[PDB]
Amino acid sequence: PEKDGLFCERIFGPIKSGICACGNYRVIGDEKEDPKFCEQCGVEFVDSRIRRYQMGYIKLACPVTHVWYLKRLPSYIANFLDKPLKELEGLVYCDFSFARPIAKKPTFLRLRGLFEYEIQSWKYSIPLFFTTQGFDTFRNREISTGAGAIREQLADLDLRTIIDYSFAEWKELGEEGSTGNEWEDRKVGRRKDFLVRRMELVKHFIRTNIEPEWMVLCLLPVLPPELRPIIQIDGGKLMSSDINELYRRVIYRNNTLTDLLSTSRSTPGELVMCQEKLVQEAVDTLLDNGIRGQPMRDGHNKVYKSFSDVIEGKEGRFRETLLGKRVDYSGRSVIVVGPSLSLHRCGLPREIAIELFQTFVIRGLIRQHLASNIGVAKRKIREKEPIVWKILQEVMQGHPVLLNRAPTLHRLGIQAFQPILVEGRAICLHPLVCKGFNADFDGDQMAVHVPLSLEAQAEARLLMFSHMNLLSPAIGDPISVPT
Amino acid sequence: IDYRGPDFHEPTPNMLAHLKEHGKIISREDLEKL
Amino acid sequence: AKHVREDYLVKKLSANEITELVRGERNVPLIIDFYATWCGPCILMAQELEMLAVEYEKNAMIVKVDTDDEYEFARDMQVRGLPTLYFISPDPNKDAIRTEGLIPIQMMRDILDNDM
Amino acid sequence: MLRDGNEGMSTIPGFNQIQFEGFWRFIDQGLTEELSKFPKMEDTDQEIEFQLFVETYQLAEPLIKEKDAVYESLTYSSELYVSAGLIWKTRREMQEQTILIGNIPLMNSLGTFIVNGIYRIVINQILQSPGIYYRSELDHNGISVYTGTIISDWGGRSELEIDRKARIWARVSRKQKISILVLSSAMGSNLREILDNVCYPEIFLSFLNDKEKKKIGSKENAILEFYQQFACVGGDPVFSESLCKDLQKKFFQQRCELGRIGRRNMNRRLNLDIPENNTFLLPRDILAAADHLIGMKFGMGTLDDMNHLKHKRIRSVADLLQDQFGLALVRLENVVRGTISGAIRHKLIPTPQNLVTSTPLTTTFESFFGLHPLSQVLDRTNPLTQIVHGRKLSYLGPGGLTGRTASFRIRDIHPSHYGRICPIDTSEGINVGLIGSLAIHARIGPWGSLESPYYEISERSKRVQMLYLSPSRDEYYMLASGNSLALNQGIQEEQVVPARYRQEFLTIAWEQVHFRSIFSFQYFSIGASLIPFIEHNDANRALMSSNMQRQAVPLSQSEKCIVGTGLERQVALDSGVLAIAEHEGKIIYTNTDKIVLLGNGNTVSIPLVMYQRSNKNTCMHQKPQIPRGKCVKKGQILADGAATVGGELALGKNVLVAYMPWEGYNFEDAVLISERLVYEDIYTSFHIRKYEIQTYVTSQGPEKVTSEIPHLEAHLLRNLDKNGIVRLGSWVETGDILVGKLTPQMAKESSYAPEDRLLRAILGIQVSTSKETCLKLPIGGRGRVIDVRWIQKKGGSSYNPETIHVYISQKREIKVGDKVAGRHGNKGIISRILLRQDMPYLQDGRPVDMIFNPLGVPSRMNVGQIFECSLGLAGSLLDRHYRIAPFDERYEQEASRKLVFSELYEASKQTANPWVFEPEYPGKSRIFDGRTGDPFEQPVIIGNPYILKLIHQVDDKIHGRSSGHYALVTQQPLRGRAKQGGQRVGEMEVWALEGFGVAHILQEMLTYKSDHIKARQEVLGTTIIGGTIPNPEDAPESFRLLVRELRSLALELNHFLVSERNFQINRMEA
């Protein structure tokens, strides 16, 4: 990558365990006396796990309003300022406004105004009335534009006074009869609800450790590099992440903002506003894309996978990554019928069993002194020695396995069983439990799982065996009857 | 199964060979270029 | 046109062409087939003649006449039934042969080999 | 052009005419009609000019051959040459020469294209045809919305609506631009005197007699009233050239190009009179549309159906190739524009070929065959699937409906897909009713409409009484499907037969019948017409009866079916697997690599296909048929193929079968075969797997190939040749190296793990700089190497990455877990294999070869198997084969019963076997027990059905994983079987584990066997050695990732462990 970049090793950890930026390696292996930084490298030699946990951080040279709190349904900013959504939406983004922040500083400038910039005449109308004494000593004192005025206003109003004023407004509204006109019928209710949610939000703000100014963020965190990697394929193929693309766009436009602002000197006009609001829109796209009017698309006529897109969705986060987890000690198969099996017994193929109880067989070989080392035991396993099956017929007796039908429908779709070794490639299943699994034999697949913990084995043996689950929980009718 | 017969369609022609007109050999194509 | 081979080898000739063929000099046995489209058993005769025309590549000439087109000519040739074949010797000394009905192909081979 | 017209009207047409006719039509006309659209582009300096003469194009014979095209992964194509010069307006010259525009792929005898060594086929599509469609979708208030939608060739909708005699408006899109006026962009007489053409032009006549002002040029001048430019603007719109061109699509270009089909549909629905060459929107068209819309409410009128086939059109290979050629020509003209821009500033006089390169056509066609969803790899599981794939129709694809936004009415059988689309062959799953097949006799007629043959009944006897009817002409005739075998005391012409008038099913006298369908194979597809006694099977089971014939495995040696429908012969003919003679003559030479024929002077050599690989890993083994010296006519069979014994398709074998519950081993849908099917090779097939390994050019070196690998077991290199690739004949097992290339590893002693350094130092293992890179055989996949291929690269690059292909065949028998299926939807899983002395035997001592479960017949309701069963027996005892057309119950009543019972009695009488036809329970007999010598108390139905072997084999479904690869981010087992993944548990599964009240089991399926970086290693350690497994403390890495991307949105997520004994916060670090 590069220093001060998306994969900047200087801020994150080393890309290799022990190898620094230059390339030297230090043996640590312990949490003991060792140089934390390698002088010129300044990089620790601990494992690259810190790569996936280090957080990046960028500074936008303009306050940025969070998308969730401004663009979504009844934005909390509108209730906080007691202002229409169109007004604040014109303060930023569209930029067709000029807000007035009432704050600590006195207001020797006559009157306040709220905002007015949408008329083509204002290009050369106000300059005759505006400035007239310097530029920064009038324009930069107050009347700010963009998200800065919004954030300053957020940092100005007193919550307790807001509560008192909204309570007074509620009392004033409640003492009016009306009930004569449909428009008047429905006008009071919306305003009263507005006031009630306003005091609710304000009271929540008062007694919490959260400040309102934080909804208009100024510093953007950056997701760790390893969690958004670029796949290294043979021949030089790279499968990067779109997150890198939006991040690169955002930081490049922020760099352009810093270049323009630090080179103020001959101060320009609408160009600074245009570029600053372009940066704001870029951050908006990065945070929550697909929620704005125009969703940006990459070089395939396809919208990017936004952070909200990752968070929200049946295939993104909070839905299957934290719930649907592939597990070890598992294997698919095909199901056949065995009428000779007892109710507390199933049948596992010889190929499946050796790939699930491999480690217990490694026990059996090492302990019984028929093998010496892990590599020797695995080599003996890989050559299908006749003593291997004696071990994988000896560690499986008494170790339950959970059989699971892939299209699970009811509670009895997963059941524990005592496996035995059968010859073939199919799992033999008891016929009575078939209706418990709702399983026919026209071709179906069953997944096996092995409980490793002693507590888990106790659970499987003493709670999920098909001899203490003979009744369905619907009405209490038998579930295993002669079919 | 005896093809041709009364209940089978006419034989399917080779598609390259069927293109009698809109197709020329390499030699004639080379000749007509000069 | 030399690019795709013909599906059918037997060539349909008019009455005058058949008269010219029989009158003119010949060096190979001649086969004259009488047939019609509405005919029932004539499909099998057409198939058998098509098969026979392949084994005898250039040693025989096989032609057919459609009685729906040339009816009087077929009547003049003493045809009293549709599945009719005429075998013509390559020499004018030997007389012709008329066969009626759906005769087997092997007897046709015997006819134009051992008798023509 | 037209071939013999009586094709499909006197014989079943070949199952190739769709693709073949489409490609021939494309080559004949689309090239001409697309080359003419090429412009006369030139330079703005008035100095150069480019011309493309149209009536000079021709194609060239392909350089490579199809065998070499698939042999070197090339693209079988022909070069397109067009004669056209370049004009220079500098000395007023024109250099005329023939140029090479590019390359166009060609179809083979199978109807497919060979692109990059891959067989690909083009799937037909069904799209709503251009025209006018009236609709009404009601309202929540109870308001009728009379919509007058108009569809152009591209899809431009300009609706018209009335709301209780309201103002007719051209709704453009969404709810905007509600325009009322019908002004002309030329001549529209908006005033009067032409609008008063049907009943009345008032309908709120310009409100206050003008609504603003009057005709002049526009109803406010400035073109198209004030809505000349009202599409989108940042504020107020003002007329501009770019805006005018953009809105021309919405006004005239993309919303008034009806095309041929659109003009025909508009002239039909509105019953107008305009010359058919006029394919644009006329004022009279909109006037008549508005008249019909207003008159619909006033009594008379009718609403259109969105599903009727007369309102749909078919796109085939011809139209797709024409559109691709148009795109390629547009790209080409852009390229020549750029070149001519660059051909002046460099001061060079080039020959016309230097202004045109074959970049656009070639790349365009490769992108088309590689990315378009309507071009799919050919399925070559068996000869049936090759034919089935070509004849498909789909509503999906570009410009069509999808599997998510498709309504439920579009997924139903309209009473118009009768002679055109099969009603019992579709695709299961989400896209049900959106992908279907074609009827056997169906044919794409003019204007992309499906046509079906029908016999016309008339008292004139014209000449050819059969016609090809289209859906528009189908519903206005009375199509009988009955018989003339009924006589009453009156006259025969008053007898009643079922018919089909409009979209109903009546019963009418014979005297009012206009047409009469006579074909049995007219309402079904290829898959559904291979089922004997289909009329005795429930229509629910026909879908899977057809779908389980496309999964058949071509066995080693083939065998013909005793009972069939007679369509197998044409399927075999048209599959392309056969080798049919293209010339007459005698077979003068035959070897099992070639057949040499001599006929009409020249001598023709036909090379056979000995052993090859299919797209689904199956062999294709041909075999000569006629011996030396015999003669063949044109088109007759010369060589057999895979699963094509004789001239017939043969996907299975005939086996003795008895329906009885043996011991519960045939529970549900389990089958109980005998050992006789595994030692006589009754079900034995060859599967060839293709392992491909390539090389790359890294920084250190280009991954040198070698026959030796440092510190690799020599036993694993026993079969490795001196060059570095295993030679033929080696019985390679699992884990054996096929191709091993010493990829140059970095001299990264610093990056090497301390455990590796300890292993190499303590035990003296040498330190090498080469990665262990080889094509190790995966689990399974054993076999004997039958072919090896080694190739390199040859192009601009000086380095040649070598790719190696290894073909490993495997003779797989039939074992427990395989799937054997019949032709009537009776599937099965082999459960047990018994010795021949342990199976029931008939009263002649012959052991049974297969035992089915009788209970499966009343459930699926497929009695048609039983008939076949019994009939098969007769064939096996009489040396005769039956080819029975479906629906034989028209001649008689219970005709199949008569046929089966008469054949059984004849077989029992000719060969003295009185158990074949017991005259007290016909078709059944009393079989004995193979392990007691006792007769089963009730008679059992026995027979000789045709059983197939399916492709879903058990060895392709086994799994097992203790540990291994984990995903880079989620740190979970990867996926499936190729990546050695682990089975997934989620949602419902967890709900079961919570239901049982098991917490440790659920906990350890999310922490230990999943995300935990530090806990998988420790369970591996405490499981290699033995201890008490300790419960984890830290959350899995899933929660860490969750808090990570909730930090990226400026949000916190903090865990806490407030103690119950000290109230001290114990905030975890995350």
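By Swiss-Prot numbering, chain A shows 50-532, in order.
Just so it is clear, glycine is given a Cβ too, placed from its N, Cα and C backbone atoms.
The annotation Zn(2+) binding site is assigned in Swiss-Prot to A:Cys69, A:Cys71, A:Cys87, A:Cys90 on the grounds of sequence analysis. For the recorded site, A:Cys87 (Zn(2+) binding site), the DSSP three-state label reads coil. Within 10 Å of the C-beta of A:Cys87 (Zn(2+) binding site) we count 19 further C-beta atoms, all protein chains included.
Within the same chain, residues at least six positions away from A:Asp489 (Mg(2+) binding site) with a Cβ under 8 Å of its Cβ are A:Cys483. According to Swiss-Prot, the Mg(2+) binding site annotation covers A:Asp489, A:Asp491, A:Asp493, on the basis of sequence analysis.
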Near-site residues: Zn(2+), ref A:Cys69, A:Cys71, A:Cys87, A:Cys90, CB cutoff 8 A to centroid:
A:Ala70, A:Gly72, A:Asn73, A:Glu88, A:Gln89, A:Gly91, A:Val92
Alpha-carbon distance [A:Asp491 (Mg(2+) binding site); A:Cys71 (Zn(2+) binding site)] in Å:
62
Sorted by position, what residues of the same chain at least six away from A:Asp491 (Mg(2+) binding site) have a C-beta under 8 A from it?
none
Candidates from A:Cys69, A:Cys90, A:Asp491 close to chain D, where binding-site residues are judged by Cβ under 8 Å:
A:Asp491
Residue, out of the binding-site residues A:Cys69, A:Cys90, whose Cβ gathers the largest set of other Cβ atoms within 10 Å:
A:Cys69
Could you find out if DSSP has A:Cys69 (Zn(2+) binding site) as helix, strand or coil?
coil
Cα of A:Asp493 (Mg(2+) binding site) to Cα of A:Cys69 (Zn(2+) binding site): how many Å, rounded?
53
Taking every protein chain in this structure into account, which of the binding-site residues A:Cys71, A:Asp493 has the most other Cβ atoms within 10 Å of its Cβ?
A:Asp493
